[PDB]
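A.B. asks:
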Ligand SMILES: CCCCCCCCCCC(=O)OC[C@H](COP(=O)(O)OC[C@H](O)COP(=O)(O)OC[C@@H](COC(=O)CC)OC(=O)CCC)OC(=O)CCCCCCCC
Ligand SMILES: CCCCCCCCCCC(=O)OC[C@H](COP(=O)(O)OC[C@H](O)COP(=O)(O)OC[C@@H](COC(=O)CC)OC(=O)CCC)OC(=O)CCCCCCCC
Ligand SMILES: CCCCCCCCCCCCCCCCCC(=O)OC[C@H](COP(=O)(O)OCCN)OC(=O)CCCCCCCCCCCCC
Ligand code: HEM
Ligand code: HEM
Ligand code: HEM
Ligand code: HEM
Ligand SMILES: COc1c(O)c(C)c(C/C=C(/C)CC/C=C(\C)CC/C=C(\C)CC/C=C(\C)CC/C=C(\C)CCC=C(C)C)c(O)c1OC
Ligand SMILES: COc1c(O)c(C)c(C/C=C(/C)CC/C=C(\C)CC/C=C(\C)CC/C=C(\C)CC/C=C(\C)CCC=C(C)C)c(O)c1OC
Ligand SMILES: CCCCCCCCCCCCCCC(=O)OCCCOP(=O)(O)OC[C@@H](O)COP(=O)(O)OCCCOC(C)=O
Ligand SMILES: CCCCCCCCCCCCCCCCCC(=O)O[C@H](COC(=O)CCCCCC)COP(=O)(O)OCCN
Ligand code: FES
């Protein structure tokens, strides 16, 4: 077939990024490393840092929507009781 | 993706044939030609030439297989008649 | 001339093709049902129903 | 560039049916593969619309097909277009395969395309068999009886795979309910083998009736071969409409309008017309196990053809002897189908034993011997030592 | 070249699930799309085996 | 594996019950069976078999109809001996149930029905 | 096999519904239902035909309602749970004489009469075989054949021995319109009525087939012209060769 | 009835419980209806007909 | 896929035999005239299939004067069959011109590929 429209990604040898000069990388084999020394000092010390950074953006919305749900229940509980029969008659019509 | 294995056919601009030099072609528009002058003097004079060239390679096999089918029928017709009751008794067992 | 309006666009001609096919179905059906019923007249039910009305 | 070349989805359509390079000299025998794509669309569409009214229970199946033919609006059109559509699907495939066998389309570099085709042919015989049983007529009960009982001859696993196919101890209600569900699926597996089939054609393209290279003279697909394919589409519909509206029960059997009865056997149990050549090959061997092997071997013997052709020329256009023997094989295939619709009587037993030898001898003896002879005949006619 | 790169059918598998270039930093939220492919295979298989007994 | 009863099929009858999905040939008896079932020399046959090999619970008889042509069905209540009649190609399974002539190579199967008292299980 | 085991070949009569542009004769269908009600229905069922399908084909709506009302059907049980019966209506199906197959064989010496709603399509020969069967009983079998007790000779039946006996004799019905009711005449009507029971779409199938074939035959001829026009440049193309000079 | 064997009752116990009911058999040689006792493949019957 | 080395091995035994070359050569001359490639303007070596490495090697090494003339014969042939006609009787290939122009280039590509395989899977004398 023919070539198609060009993209923002290529393949191995020509990936389309900028040219690199002056960066050096080092590594070691897995067979030469001690087994999984990365589970602990990571499930307590690091996992707590990750929790403390982001828990405020979830729990303030959750607190708003759960408080709104309970006040709706308790009011519906009350309207269909014997004490809340007179208020049920008004807010319907 | 990457390139795949090379083939014996390409695309427009690079089709993989030999290089051409010294061949010239001419043509005329269809709008400038008279309507369909190619049906007659082609359905009688040409169609008979095409028939005569190739009909012998079909009809000698067809004659062999049709003759073999009729001699098989007529013999089966005969075995289950009143005249062919004695020959049917032998060729079974 | 004729070609500059008959089919110059093909909004001239896909609308004329479509609008002309709707009119074709009706005119085509009425002509076939009239030939079919007249070719077999005397055998249909409406002819039998008109011979037992005594 | 044009939008049809730069868009991810239109680029595939452009590369396959618009700008694809084609040889200029291909004839109308190259139009059968587009028809087989229309046949599959007809068969699938008409089946969805009948499946809304069908019931697969063995006490309801036969009367549900009559409910389609009497009560459903335009239901007799759906069925007859379906029953006659399958006979037209198989006739175009026999012509497609015989084409490739004549022009040498199986040879290198198109061996992979020929092997995926043999798989499609197996799945289409299976599909047609399973649906003929969903009618549950008299030929539909007793055809499933004698075919499923052939797998009883496999040693040490025979009586277990038959009770597993049936779901019990005979062709019964579990058998008909599972055959319908298998029957809806396999058409969608065929559609995926067709995609793989076209992908193997795109890398080398099509051949031509001269059997030489086509890279020197190519024309595009759009408005030359789109409008040449349109000629055979309207002839196909015209001939199919003639059978659906004026002769809709001439290619079937009358006994399938009787409901299935396990206690009453018919006087002659035969398949549809397109499985008769293979029914006569099975009937030729006087042994249960060897007849089942030979019946399946008659389909897989197509796979040794790329190896037994010993010619340096592709196709039969310029070959005198290999053209005479191509047509012996064609009319031998018609006599096999015709023997399979006869009684087991003298002389139809010997006629079917000789004709099934000529079927296997063509692929394994005749082709490699005359192809070697024709090579040497071309050499000595020119070279004068 | 390798056979998985020259064959018409294995070339697609290689380009998609073997040699496809991926960013190194993607997390476990990028694993939900492979699960949805397993879900569809579960449903189609179980439903076909039940359809043999349904009315 | 079914059990209708044992005093439910009188003498000169038979019922092709749909037992397990088959045309199977029930036959209630009297000692009026070893009378005449083997008054013929065995070796005038395809390749033979004896009463004691056939069934040794001998006063209730059952036999299949799954014929080795393509599944043909014999008679009820007629013939010269009183046997079972194939119109398919040709045969009459005599009172014992065997060849007189025909292209039929062998007799089928007497379903492996075992006796324990008060009910005979067919199958 | 032997010719007696296959049966005699039914000849080819000239039916007025044969041909691609012909309909049923609807006065023979009406005339043919009268022969079913008074001869055949004692021992044959028509279970796949509803009363409502006869309106506009052979009888008026008021005629058909009076024919269905002369039978009893099962209604839904009353307020205590006991069974009820009711008369017939248009949505009901034509009832048969026997309650079960055991009773049908008990009245015909072991033979079962089949349902006739599809007998024209389920036999090789079609209308030519049903007609020849009924008019084909000879008054004495040929010399030599030994019939079993309770069977009759008909050479159109495979084998030559059929459990049915002759049932058509001259002037056993009197037609309303006044046609002479001979043996051949009554046979021609039942075979025309029974083909309608198998093929109710026969008349409008062959009308929609005339439209389809005329439209597709015109599209097939227009396709040939368009293709030849668009291919005219390729067919008349010319080529010429001049060998290049040997210096490249 | 058969689903109770090996769960709550023995096989001999269950056969005697099913035999105390009447079910519809297939008709006789003339076409009249028949009744029969119960067996293990039968389903537990209810008190009301409709 | 019979090798050309083998075809010539058999053919040269027939031609150098007196009694064999008088029963099979007349038969082979009628076989070529009934085939009909000379009426389309083709020589036999144009019909050989070329989707393999031994034939791709022979065509690279063919001189260009003979290569340009081959491409014109193939284009002229596709066009003659497209129209369902034959060429004029004075444009047919004659028997003098029906020469094996490509055979010698093929036989030397085959003798070299066989020599390589015999060396790639040899066992040593020691
Ligand atoms: C149900 C589906 C229906 C379609 C299936 C058949 C279609 C494929 C058959 C191939 C064929 O076309 O037959 C030609 C065959 C071998 O010959 P060939 O390949 O060298 O030449 C081809 C050239 O392009 C014709 O076409 P041509 O270039 O000569 O002119 C165009 C032609 C259009 O006709 C058609 O539509 C043909 C489908 O113009 C007209 O006919 C105008 C009408 C007056 O010689 C024959 O005539 C043999 C006939 C076929 C017999 C085998 C099948 C029987 C079971
Ligand atoms: C009901 C049907 C569900 C069935 C499918 C279940 C799959 C749901 C997965 C949802 C998800 O994608 O959340 C991902 C998020 C982790 O984000 P991350 O890449 O930064 O953590 C990498 C990790 O540190 C390295 O962990 P590592 O690679 O070392 O081992 C992974 C292992 C856990 O290893 C441990 O022992 C503890 C470290 O297994 C897994 O973690 C399995 C994956 C859940 O998960 C988290 O831990 C935090 C987000 C909580 C999500 C809750 C809301 C969803 C309802
Ligand atoms: C396991 C599967 C096995 C499949 C085998 C199925 C066999 C039945 C298939 C029926 C179709 C077979 C027809 C042959 C098609 C192959 C292509 C072909 O034969 O066309 C080339 C042939 C040569 O004549 P041309 O003038 O067209 O020259 C062009 C190249 N030489 O041009 C021709 O077409 C020759 C002229 C027409 C011959 C018609 C004869 C009847 C063919 C059999 C039809 C069916 C039985 C009647
Ligand atoms: C390759 C596609 C198909 C082939 C070759 C095929 C073949 C057949 C055949 C030969 C029959 C018997 C025809 C007869 O004598 O009545 C049949 C029946 C049937 N098929 Fe198909 N079929 C295909 C696709 C489908 C599909 C996809 C469906 C469901 C969606 C379907 C639904 C049915 C039904 C409901 C019947 C029974 C009704 C009838 O007899 O026409 N078919 N099929
Ligand atoms: C549903 C079934 C099939 C479909 C839709 C299909 C489709 C196609 C199409 C569109 C083509 C290209 C045009 C043509 O050559 O006509 C083709 C070519 C081909 N097909 Fe099929 N095909 C099917 C079955 C088969 C079968 C059963 C075989 C062989 C057993 C087969 C073998 C081939 C071959 C060898 C070619 C190449 C011919 C050439 O280029 O000369 N196909 N197919
Ligand atoms: C994306 C795939 C599918 C989804 C999401 C899906 C969903 C469902 C759901 C929600 C039900 C009702 C479950 C219940 O409460 O019982 C159902 C029922 C059913 N589905 Fe599927 N389905 C899928 C594929 C299939 C397929 C391919 C079949 C093939 C026949 C199938 C066959 C059935 C059957 C027979 C039932 C009724 C039996 C039952 O209730 O489980 N399903 N489906
Ligand atoms: C009260 C009058 C009739 C009685 C007692 C009667 C009885 C029978 C019997 C016992 C059979 C079974 C034949 C066999 O198994 O050998 C039979 C078959 C048949 N009957 Fe009648 N019949 C009667 C009227 C008719 C009429 C008037 C017709 C035609 C319109 C007819 C059409 C047929 C046909 C077509 C068969 C099947 C023949 C075949 O399968 O080849 N019956 N009938
Ligand atoms: C050689 O040159 C060619 C060439 O000439 C051609 C023609 C093609 C194309 C050839 C084909 C055969 C096309 C392939 C066609 C298929 C694989 C068919 C598969 C698709 C279907 C069968 C359609 C399936 C239909 C549905 C899923 C919907 C049907 C159901 C409906 C509409 C009911 C919907 C419900 C309601 C309630 C309306 C080539 O690829 C090609 O190569 C370059
Ligand atoms: C980002 O990196 C990724 C990546 O991580 C992944 C996972 C994939 C692959 C992802 C997928 C989701 C795979 C695609 C999965 C599908 C398309 C599902 C298709 C499923 C089917 C077609 C169902 C097939 C099932 C059958 C045929 C059932 C068989 C049933 C039988 C045999 C029963 C027999 C009885 C009867 C009655 C039929 C990528 O493509 C990719 O991009 C590079
Ligand atoms: C895990 C491995 C796979 C993951 C994802 C693989 C994606 C598949 C294609 C992506 C690559 C496209 C780029 C070109 C290439 O190298 O691949 C060829 C693509 C396949 O081509 P094709 O669809 O057979 O065309 C065949 C042509 O005819 C165009 O196709 P058409 O007939 O329109 O099909 C529609 C019919 C039915 O399709 C359905 C319903 O699926
Ligand atoms: C959208 C639909 C899906 C499209 C396909 C994408 C998914 C890939 C399918 C799964 C991959 C499995 C393919 C098998 C790999 C080997 C193929 C091969 O060897 O090619 C062929 C042989 O294959 C065959 O015989 C038929 C293949 C059967 C296909 C099974 C369904 C070898 O051909 P080769 O490339 O070596 O060159 C020619 C040398 N004689
Ligand atoms: S069927 Fe038993 S012998 Fe012919």
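Protein chains in written order, with this note's numbering: chain R, -1 to 91; chain B, -1 to 91; chain G, 9 to 62; chain X, 54 to 438; chain A, 32 to 86; chain F, 139 to 261; chain C, 20 to 267; chain L, 0 to 49; chain Z, 91 to 216.
Think of the CB as a built atom: it goes at the ideal place given N, C-alpha and C, for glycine as much as any other residue.
1) Near ligand 6, which residues have their beta-carbon closer than 6 Å to a heavy atom?
2) Would you say residue 82/A lies against chain X (beta-carbon separation less than 8 Å)?
3) Can you round the beta-carbon distance between residue 235/C and residue 291/X to whole angstroms, since I take them to be within the 8 Å contact cut?
4) First and last residue of the alpha helix (DSSP H) that includes residue 224/C?
5) Got a list of residues with beta-carbon closer than 6 Å to any non-hydrogen atom of ligand 3, in chain order?
6) If we ignore side chains and look at the alpha-carbon of each, how far apart do residue 208/Z and residue 198/Z end up?
7) In chain order, what are the residues with a CB under 6 Å from some non-hydrogen atom of ligand 11?
8) Determine the burial state of residue 65/X: buried for a count of at least 16 other Cβ atoms within 10 Å of its Cβ, exposed for fewer.
9) Give the residues of chain G in contact with residue 45/C, contact being defined as C-beta atoms less than 7 Å apart.
10) Measuring CB atoms only, is the stretch 131 to 149 of chain C touching the stretch 208 to 218 of chain C, in the sense that at least three cross pairs come out at less than 8 Å?
11) Using a 10 Å radius around the Cβ and a threshold of 16 neighbouring Cβ atoms, would you call residue 20/R buried or exposed?
12) Taking 7 Å as the cut-off, is the CB of residue 56/G close to at least one heavy atom of ligand 5?
13) In whole angstroms, what separates the C-alpha of residue -1/R from that of residue 58/X?
14) With 16 as the cutoff for other CB atoms within 10 Å, does residue 80/A come out buried or exposed?
15) Taking 7 Å as the cut-off, is the beta-carbon of residue 253/C closer than that to any non-hydrogen atom of ligand 1?
16) Label residue 12/C either buried or exposed according to how many other C-beta atoms from any shown protein chain fall within 10 Å of its C-beta, with 16 as the threshold for buried.
17) On the criterion of 16 or more Cβ atoms from any shown chain inside 10 Å, does residue 236/F qualify as buried, or is it exposed?
18) What do you reckon, is the C-beta of residue 141/C under 7 Å from a heavy atom of ligand 4?
19) Applying the 10 Å Cβ sphere with the 16-neighbour rule, what's the burial state of residue 51/R?
20) From which residue to which residue does the beta strand (DSSP E) around residue 162/F run?
21) Check whether the Cβ atoms of residue 159/X and residue 359/X sit closer than 8 Å, and answer yes or no.
22) Would residue 95/X and residue 138/X be called neighbours here (beta carbons separated by less than 8 Å)?
23) State the DSSP-derived secondary structure class of residue 91/X, mapped to helix, strand or coil.
24) May I ask whether a heavy atom of ligand 10 can be found less than 7 Å away from the beta carbon of residue 279/X?
25) Check the C-beta distance from residue 256/X over to residue 5/B and give it rounded, since I have them as a contact under 8 Å.
26) Got a sec? Which residues, its chain only, sit under 7 Å from residue 104/Z by beta carbon, not counting five neighbours each side?
27) Give, in chain order, every unbroken run of the alpha helix (DSSP H) that is at least 4 residues long and sits entirely within the stretch 307 to 353 of chain X.
28) Between residue 41/C and residue 46/G, which are expected to be in contact by the criterion C-beta below 8 Å, what is the C-beta distance as a whole number of angstroms?
C.D. replies: Well, looking at it:
1) Result (chain order): 71/A, 74/A, 75/A, 78/A, 79/A, 81/A, 82/A, 85/A.
2) With 8 Å as the cut-off, residue 82/A counts as an interface residue toward chain X.
3) Indeed, because the Cβ distance is near 5 Å, the residues count as touching under 8 Å.
4) For residue 224/C, the uninterrupted alpha helix (DSSP H) run begins and ends at 221 to 249, by DSSP.
5) After applying the 6 Å Cβ criterion, the set is 48/B, 52/B, 56/B, 82/X, 147/X, 148/X, 150/X, 151/X, 152/X, 155/X, 262/X, 370/X, 383/X, 386/X, 387/X.
6) Residue 208/Z and residue 198/Z have their C-alpha atoms roughly 16 Å apart.
7) Residues flagged by the Cβ proximity filter: 164/X, 165/X, 168/X, 169/X, 245/X, 248/X, 249/X, 38/A, 40/A, 41/A, 43/A, 44/A.
8) Residue burial annotation: residue 65/X is exposed, with fewer than 16 other C-beta atoms found within 10 angstroms of its C-beta.
9) Per Cβ cutoff of 7 Å: 51, 52, 53, 56.
10) The stretch 131 to 149 of chain C makes contact with the stretch 208 to 218 of chain C: 3 or more CB pairs, one atom from each, lie closer than 8 Å.
11) Residue 20/R is exposed by the Cβ-count criterion.
12) No, since every heavy atom of ligand 5 falls outside the 7 Å radius drawn around the Cβ of residue 56/G.
13) The alpha-carbon atoms of residue -1/R and residue 58/X are separated by roughly 10 Å.
14) Note on residue 80/A: under 16 other CB atoms within 10 angstroms of its CB, so exposed under the neighbour-count rule.
15) Because no heavy atom of ligand 1 lies under 7 Å away, the Cβ of residue 253/C does not count as near it: no.
16) The requested residue 12/C is not part of the displayed model; chain C covers only 20 to 267.
17) With 16 or more other Cβ atoms within 10 Å, it is buried.
18) Incorrect: residue 141/C has no Cβ contact closer than 7 Å to ligand 4.
19) Under this definition residue 51/R is an exposed residue.
20) Taken as a continuous stretch (DSSP letters only), the beta strand (DSSP E) holding residue 162/F covers 162 to 166.
21) In this structure, residue 159/X lies near residue 359/X, with their beta-carbon atoms less than 8 Å apart.
22) Yes, these two residues count as a Cβ contact at 8 Å.
23) Helix at residue 91/X.
24) No, ligand 10 has no heavy atom inside 7 Å of this Cβ.
25) That pair is a contact at about 5 Å.
26) Sequence-distant Cβ neighbours of residue 104/Z in its own chain, meaning closer than 7 Å and more than five residues away, are 110, 111, 114.
27) Segments of the alpha helix (DSSP H) lying fully in the stretch 307 to 353 of chain X: 329 to 335, 341 to 353.
28) That pair is no contact at about 13 Å.
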